[PDB]
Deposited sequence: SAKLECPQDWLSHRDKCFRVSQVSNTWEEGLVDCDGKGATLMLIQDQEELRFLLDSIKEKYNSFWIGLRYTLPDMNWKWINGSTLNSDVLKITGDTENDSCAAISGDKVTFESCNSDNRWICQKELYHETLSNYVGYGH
């Protein structure tokens, strides 16, 4: 059995954050619960979760990497004001669940997150 107030599914306990915040704040929140950011095991896991949650925000998952001449489809370069909010100082890219898909965005965006524990 899982701890109180954690969703159960197969071998895993899940917890969904109360608040929205950076990818890093979600990861440090999870560690503090002795958990980690959700690592999607399969389509069935994800849909189950989303069925229980019924959200209509994104959720940060345990995926991050570090990314370039950015151009629009017409050939013109992205000006800096746009670069500002397409990305961040660190030029990292952090993954979130937004419905049944995995989107990628600046780690400084505010989303909710899911923490997981292996029972």
Quiz item: Which parts of the deposited sequence have no C-alpha atoms in the model?
Solution: 1-4, 61, 73-74, 127-139
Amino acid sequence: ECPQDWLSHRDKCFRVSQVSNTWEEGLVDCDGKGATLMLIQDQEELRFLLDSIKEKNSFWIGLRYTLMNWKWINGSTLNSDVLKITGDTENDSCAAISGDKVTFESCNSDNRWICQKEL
From here on, numbers count along this sequence of modelled residues.
Quiz item: 40-48 versus 84-92: which one carries the higher mean Cα B factor per the record?
Solution: 84-92
Practice problem: Identify the stretch, either 94-102 or 107-115, whose C-alpha atoms have the larger mean B-factor according to the entry. | Solution: 94-102
Quiz prompt | residue 68 - Cα temperature factor, lowest/middle/highest third of chain | solution = highest
Quiz item: Which third of the chain does residue 58 land in by C-alpha B-factor: lowest, middle or highest?
Solution: lowest
